[PDB]
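**Student:** structure for the following, please:
(chains A, B, C, D, E, F, G, H, I and J)
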Amino acid sequence: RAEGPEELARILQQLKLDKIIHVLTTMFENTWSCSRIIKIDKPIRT
Amino acid sequence: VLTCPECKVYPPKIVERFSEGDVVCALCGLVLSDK
Amino acid sequence: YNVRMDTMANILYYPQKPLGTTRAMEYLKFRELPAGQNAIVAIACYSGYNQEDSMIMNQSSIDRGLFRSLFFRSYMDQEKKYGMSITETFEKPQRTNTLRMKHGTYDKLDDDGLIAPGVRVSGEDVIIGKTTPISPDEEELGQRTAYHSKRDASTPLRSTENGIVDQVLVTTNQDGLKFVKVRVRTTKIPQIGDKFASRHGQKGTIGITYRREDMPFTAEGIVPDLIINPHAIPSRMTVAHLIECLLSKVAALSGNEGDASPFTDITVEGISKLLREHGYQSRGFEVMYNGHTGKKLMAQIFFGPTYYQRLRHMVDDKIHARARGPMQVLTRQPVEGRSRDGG
Amino acid sequence: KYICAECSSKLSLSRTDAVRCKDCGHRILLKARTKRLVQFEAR
Amino acid sequence: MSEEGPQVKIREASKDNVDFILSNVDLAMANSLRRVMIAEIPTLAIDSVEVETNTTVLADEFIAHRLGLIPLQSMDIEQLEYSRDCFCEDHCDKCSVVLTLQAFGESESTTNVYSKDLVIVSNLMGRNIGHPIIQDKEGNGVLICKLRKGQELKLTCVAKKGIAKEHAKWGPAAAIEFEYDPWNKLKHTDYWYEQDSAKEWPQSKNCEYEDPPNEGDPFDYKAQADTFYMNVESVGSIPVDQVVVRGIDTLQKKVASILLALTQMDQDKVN
Amino acid sequence: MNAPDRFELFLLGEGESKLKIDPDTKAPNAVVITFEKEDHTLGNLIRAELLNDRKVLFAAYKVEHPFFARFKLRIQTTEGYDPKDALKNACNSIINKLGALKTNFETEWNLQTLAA
Amino acid sequence: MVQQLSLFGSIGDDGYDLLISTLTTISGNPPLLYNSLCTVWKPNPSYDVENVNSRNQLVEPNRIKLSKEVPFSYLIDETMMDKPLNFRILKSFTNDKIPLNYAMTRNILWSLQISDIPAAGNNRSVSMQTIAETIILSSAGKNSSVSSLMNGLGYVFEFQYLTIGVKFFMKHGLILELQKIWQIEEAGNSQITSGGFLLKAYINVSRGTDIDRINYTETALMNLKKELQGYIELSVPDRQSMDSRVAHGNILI
Amino acid sequence: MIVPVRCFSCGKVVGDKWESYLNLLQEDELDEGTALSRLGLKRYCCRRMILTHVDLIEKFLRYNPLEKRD
Amino acid sequence: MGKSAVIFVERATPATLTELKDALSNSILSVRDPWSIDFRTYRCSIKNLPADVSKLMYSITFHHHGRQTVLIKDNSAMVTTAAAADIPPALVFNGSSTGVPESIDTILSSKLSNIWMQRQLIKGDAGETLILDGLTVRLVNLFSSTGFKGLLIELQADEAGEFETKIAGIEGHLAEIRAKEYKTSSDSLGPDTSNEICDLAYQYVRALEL
Amino acid sequence: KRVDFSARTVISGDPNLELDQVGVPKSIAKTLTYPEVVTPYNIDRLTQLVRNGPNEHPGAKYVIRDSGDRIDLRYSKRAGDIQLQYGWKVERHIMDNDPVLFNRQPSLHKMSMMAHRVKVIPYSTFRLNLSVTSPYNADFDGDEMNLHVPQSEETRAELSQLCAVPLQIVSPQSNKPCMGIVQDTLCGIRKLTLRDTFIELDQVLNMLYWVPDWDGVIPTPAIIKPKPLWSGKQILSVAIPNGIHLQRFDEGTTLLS
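**Tutor:** Residues are numbered from 1 along each chain as shown, chains lettered A, B, ... in the order given. Sharing the structure here:
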């Protein structure tokens, strides 16, 4: 149901990103307690 | 004699509404005679 | 007024003798039985709810008892003696042996057939129970039954009148027949649609009421009991209203009765001088703030006590509506009369 | 119950008795207020 | 000290009157504060009467209306409940107060029925409430009625909790004076004169607390209203400092109710 | 008599929401918010506080008829900023100011009592 | 709350078997056995309900029905386990005696139901009745029992009866019921529907405001009635017989 | 008619002061303005309440609700 | 067997719920969908009643437990449903039910209005539910007709071994936020017969009483 | 001759009402009725109205069947029982935006009997806009006027397309307007438009909100620096529609007055 080519590119980028996130989160949980509640207003500088 | 043609109850129960000029059966609310 | 059973009577809770009195009043006894109250009046424009003789009133003043009047009414009845047999009796009717009973509640009646003092009567209730014996040969064209030996002749209240029965009196007339008089009490409170007048031909109606918060106030925290429009002064040339306001203000601030008799030596400048001794702007103006936002008002406002009388016309006695109802015997058209719910 | 009009004497009258006071003999008689106070709601 | 907030300078105080200056504040805030101080602070007053014997020369609702305005102590009104919320039938022990009045004119000379004769028969549960307010020297308080030889009055009173937005009887403040800018520096009022406007209009007592303007100074077109002079007097039920503090608390609670409703609606929008 | 009950000034009826928010169709980032059982006391305060935010463009209120206790407020703010957030900031600022005012008055009253 | 549109009738047991076959020829479905037990409760006369607004008649007192299903193990005697559990067992239910007696029902003590007299007027072709219904799932406490519950509300027991019959499901939600009714007392059990079966065909409508649906329902009911012409006469019962208010006492059975 | 308990304008209470106000008028032989100001009545609306009051309760009291003539 | 407890705070502030939500944020594992609850009281309108017969009847409506109403009178409970999916199939089949019932509150306030009349109504909407380690905590603000009433906390656990310790911990957590006047209850309506929702409703009644 | 479905009561002034709208008290609205016909478009609202009863506004008072029989809803318990069909009639109360005829006696000319739209209000008086008091020759010191209710669709259309207040502004006796700004609004609209009168920001915002036909655009001020101010003419120009042109030269006025 995506509408725009930019939307499609963003969707694929998010797909790669959260696939990696899910992989590593599973890696942590199969050994670790993550938090799914915390939202920071400003992203932490790299 | 004035009887309700739907309740068919004898003796009929009837209330007169003077301020509206009506005669009303006290069970089905039907209006019998006006003015 | 306590005893008399007049057909109607109105009484005022708290009457006040005027601040400005003519010298002649001492012979009419107007300072013994006054007919109004001293009301603080601010002549101004405020929200546009007092145009074309309307006025605006302070609701807290109403709540504290300003212009509140008692109302008294009475009814009479007596037993009639047709021929030699008494054809009317004072007894509480019973549905077993009575016909043409009224829809009102007979429960409040005592065994004597007369209600007792201290009962909140209401619309279409009955206060006197009257029964008429009927000869056996008289039949209502088949309406009468075997046990209906009497007819109802009770007197219900007027459809709108409500209140508390105040007195009941039993006596006899010249012929020795019984005689009952009932007096009923009620309380009347000002509301949108009433009628008030000053002593200079300036009368109007209440158009809206405000609470003390929305009322414009002076720097001293004083609030007008009512507000009238200034578009009523020029074409009427009632300068005596303004002079009475000024002199009453000076008398209230000072504490002595102010003469206002005709053809005398009092002048406007003299009372203005006596006013400035106390500390107010000489022409009666004052600084007032807006009630909603609290700002200052660009224009000053004429302010001061006056005398007002509550006239006899209430909106509760003029209001009438009709969808359907009784007709006339001959022309069969809606009847005449508000108390008889006519067209 | 009833009450006289001059001396306010306490009297009880039946449905047939003459409407008079026993002590003063006057022809004006007043009722008595409901002894049991009754509560009401103004509607 | 809180230097970032509204400032206050009390100059005068007593049992009834507080006289002060409020600075570093908007005009809307001071106006809202006075509106709440007059209209929206609860108090205890008589709200129902029932009469047994009335042999006086006055009516019944007349005396009822007279009783409905008598002032009574309401310091701990936070521990009562609105009678429309209490689960009791009619009037509670936790949602009302009850008094009784009895008087009889035995003597030949007429006898006055004051407000010192109201006697409380309910259970107060150790709360400071219900006492009549007495401010005269003799202690009699509000005179209620008048009696002659052979006249009696007997009645019972139920007093409840409410605000002044529904009747003037629950109001705890008589009249509050609110002034600002006595030199008309801002040009908010325009004076009316015959010859010389500067002389006809008297001077307010407050002029001593500001410096007069100089004729050589052009009109300052940047100032705003910042300093207000208030005076507050109480009917007697509540102490006056409590009147001010409770007005502030009520305004705070109203704004907090707005905030809570907004947060609730935002959570609803999240769904 | 047709006089409405007074308690309708401070008790909400059942099924009544104290706030109602509606987007305004004429100007972007504008909302009309209806408050119930309230009068100038709150609207004036909120509008005077909303006029201090540099990101708030428009803020105005009105009480259409003096018979009914209700009023309308209208807010318009800059792009990338929510009017509800502006309302929340205004309420927070008002609450802080009132708290400071109460503390100051209590300090002054206690000092006067010491000097009484 | 539903608007139930109904038609009634009765048959003698002699044709019973034949009737059953014909129904299966039309619906295409086999009958399904069922039973039930209804208890009627009335407001307590010890309590004076002055709240009935006599001057306005805002409301009149009415009777409450509580229904429950009872397993067949209480209705089958020692002579009947050999036969399978199907409709033919009704052929043996012609005696006024029944295994379920007063003591067992007293030991038992659901669906709560209230109704009103059908709609007035003579331009109605089917019996239209309004029903308000709720369900009781469970309970607890020191006196958890149906009798204690209904006494808490303010109602007392009046009588009870037992229905046994068969059901046919046709298209469009039409339900056809063949019933036999046994009144139960400590004095004994008496079959009011003696030597016959009571027939009732009905449909339910969820919303009374929808009138297209009501017209469709009436069309289906009249078509069904016109299909059974010559065998059984389905008729609108008497409007004054389906009145269940306390003031006046009668019971369509 | 007995003195109003409260002031119709500023909400103040004047009902209790009537008895003491009457004292100053003949026991101390003071004038009306100074007597009115002696009891804290400063707004002229309270002065209006006290100053212009017709006390009609002392006339009904010499009388009974039974038998007035005409 | 699961256990439950209810704590009601009367002198709470509008922001107390947020304070308790943040003070427990370290142990908060997850958050779930919001809930609601209704609380009515019905009064007996008949005057010819015995002394020992109670006059009130408390109706508690649970929105998250599948739209179920509970009627309480003199320690006696009654559980009614109104959803078509909660109907036992036997009642549908035999004809004892038309299939689309009504809530019992409509029955009390429409047909039996001459015996029972409403007296109050207390509501709670948009509560929050939090999953902690072996625990579920629900918070909500109570609104009466006049306005804000107080704070309501309900705790539910599956293992009953250490319920008291969890209650004490939550009480201490309220203690650091200086909420010192709180009324708690974990009683059971019937010692032998254990119904979860009836006991929950009884605990609500015991907590909310004045 | 005397008639039915009519009322008579004193008047008052309401500056918040529109020109052609009248405030009707609650009880007078509870007594008079209107026979609305049940159709697919109204059966839900009409059903709720019947359920409400006759003691509640809005509500109903009688139900007429197809056959002419009329059921009094008060005695018939069937406020929650009567099911309505197509062609029945509900005699409902008078509801907002119902046309009425309104007059004052003596009715000397055409413009003394005009139509209005109702708005249900508390208290016992009628409400009028302060500009229709000139055609009626009426003030508010005790005058009573009369209200007549139509009872059909043709009659309602006649009252709405012929006798409406908007259509009675240019009188045909002297071919000039019979209504205008009067009394204190006239006294104010003059003090506003002097060259002396300047307005700050907040008041301009409130005033622009008050105009119900605003488009959300703030007029650029006339004194941008050193302080933004608005002239009364500028704010008052918002009420005036666009496309209106007017020229009037008085005594001794040049193109720069």
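
**Student:** and residue C:304, helix, strand or coil?
**Tutor:** Secondary structure, DSSP: H, G, I helix; E, B strand; the rest coil: residue C:304 is strand.

**Student:** got it, and residue I:107?
**Tutor:** Strictly by three-state DSSP, residue I:107 counts as helix.

**Student:** mind telling me what element residue C:245 is part of?
**Tutor:** Secondary-structure element containing residue C:245, defined by DSSP states H and E: helix C:239-254.

**Student:** quick one: is that helix near chain J?
**Tutor:** No - applying C-beta under 8 Å from any C-beta of the partner chain, one finds helix C:239-254 out of contact with chain J, separated by at least 15.6 Å. All C-beta spots, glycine's among them, are computed from the backbone N, C-alpha and C.

**Student:** quick check: next helix or strand after that helix?
**Tutor:** Immediately after helix C:239-254, counting by DSSP H and E, sits strand C:258-259.

**Student:** check contacts around the residue nearest to residue J:215 when sequence neighbours are not counted.
**Tutor:** Leaving aside its sequence neighbours, residue J:215 sits nearest to residue F:26 (C-beta to C-beta, 6 or more residues apart in numbering or on different chains; 5.9 Å). Counting by C-beta atoms under 8 Å, 6 or more residues apart in numbering or on different chains, residue F:26 touches J:214, J:215, J:216.

**Student:** could you pull up phi and psi at residue F:26?
**Tutor:** Here is the backbone geometry of residue F:26 (degrees, to the nearest 10): phi -100, psi -50.

**Student:** ok, it to residue A:26 distance?
**Tutor:** 51 Å (C-beta to C-beta, to the nearest Å).

**Student:** let me see the ranges of the strands in the stretch 151-253 of chain G.
**Tutor:** G:155-169, G:175-185, G:188-191, G:196-205 (DSSP state E, counting those that start in this stretch).

**Student:** now do chain I
**Tutor:** For chain I, applying DSSP state E gives strands covering I:3-9, I:30-32, I:37-44, I:56-62, I:68-73, I:76-81, I:116-124, I:128-132, I:135-143, I:148-157, I:182-185.

**Student:** quick one: closest of the ones you listed to chain J.
**Tutor:** Nearest to chain J, of all the strands of chain I, is strand I:116-124, at 16.4 Å by C-beta to the nearest C-beta.

**Student:** pull up the residues of chain B that are close to chain A.
**Tutor:** Counting by C-beta under 8 Å from any C-beta, chain B has no residue next to chain A.

**Student:** quick one, strands of chain B?
**Tutor:** For chain B, the strands defined by DSSP E occupy B:14-17, B:22-25, B:31-34.

**Student:** in a markdown table: these, plus mean neighbour count and distance to chain G.
**Tutor:** Listed next are these as a markdown table, based on neighbours: other C-beta atoms under 10 Å in any protein chain shown; distance: least, C-beta to the nearest C-beta, whole Å:
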| stretch | mean neighbour count | distance to chain G |
| --- | --- | --- |
| strand B:14-17 | 15 | 10 |
| strand B:22-25 | 21 | 11 |
| strand B:31-34 | 15 | 13 |
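
**Student:** distance to residue J:1 added to the ones you listed, as a markdown table?
**Tutor:** Formatted as a markdown table, these follow (distance: least, C-beta to C-beta, whole Å):
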| stretch | distance to residue J:1 |
| --- | --- |
| strand B:14-17 | 23 |
| strand B:22-25 | 21 |
| strand B:31-34 | 19 |
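
**Student:** the ones you listed into a markdown table, with extra columns for distance to chain J?
**Tutor:** Shown next, in a markdown table, are these (distance: least, C-beta to the nearest C-beta, whole Å):
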| stretch | distance to chain J |
| --- | --- |
| strand B:14-17 | 7 |
| strand B:22-25 | 5 |
| strand B:31-34 | 5 |
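
**Student:** alright, that wraps it up for me.
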